[PDB]
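We begin with a single chain expressed as structure tokens, specifically the form deposited in one PDB entry.
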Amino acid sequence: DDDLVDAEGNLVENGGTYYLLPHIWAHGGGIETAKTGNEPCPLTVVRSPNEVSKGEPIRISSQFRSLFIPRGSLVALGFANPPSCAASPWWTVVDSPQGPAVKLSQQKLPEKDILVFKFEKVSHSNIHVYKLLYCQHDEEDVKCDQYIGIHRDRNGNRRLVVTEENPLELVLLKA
């Protein structure tokens, strides 16, 4: 169902830290950072190349003042232990040569540039897997009709970007 739950079937703790790992039928590990472009520190959100690494623990937030993430709620996603050079730990989708890319910023980001994510259950069960949506403002109403995918770059980093296809799949493990 459209309810958001972690690997063990538990709802997600609003503000709670999690590992964004792949399910067994995938390559790589958890979500990490990388230093691409002129970035002074790792500011690129990527999927770890190491099948063994849990990645970085991720802070998941919803504006709703509930203890859990409500269904269909947008969420802010950020590294609980961000690098020093990032103004805040929130992920943001920015324009770039590789298409819309998920990055950290050296500048404070208006809430509208971080409140841009939404999880989505993946129909079949056995594993509680979810895809990630990138949402945009049509002024009043917010729409989430675009997924986040993986785009391996020249240096091998599996960048998280808004891709036409090759959708990113996640299983959330409590940290």
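We call the rigid core whatever largest set of C-alpha positions still superposes within 1.5 Å between the two forms. For every residue, the number given is its place in the sequence shown, counted from 1.
Remark: stretch with higher mean C-alpha B factor among 146-154 and 132-140 is 132-140.
The PDB entry reports B-factors from which the mean C-alpha value can be compared for 14-22 and 160-168; the larger average falls on 160-168. Across 48, 38, 44, 66, the entry's maximum B-factor at the CA atom is seen for 38.
Ranked by C-alpha B-factor against the other modelled residues of its chain, residue 6 falls in the lowest third.
Per-chain ranking of the deposited C-alpha B factor places residue 89 in the lowest third. Among the modelled residues of the chain, residue 115 sits in the middle third by CA temperature factor in this PDB entry. Remark: residue 72 belongs to the middle third of its chain, ranked by C-alpha B-factor as recorded.
Placement of the Cα temperature factor of residue 126 within the chain: highest third of the modelled residues, per the deposited record.
Below: the form deposited in another entry, not depicted.
Once the rigid core is overlaid between the shown form and the other one, residue 124 counts among the residues whose Cα shifts by 2 Å or more. Shown in the overlay between the shown form and the other one, fitted on the rigid core, is a CA shift at residue 22 of 2 Å or greater. In the other entry, the Cα-Cα separation between residue 24 and residue 151 shrinks by 3 Å or more relative to the displayed conformation.
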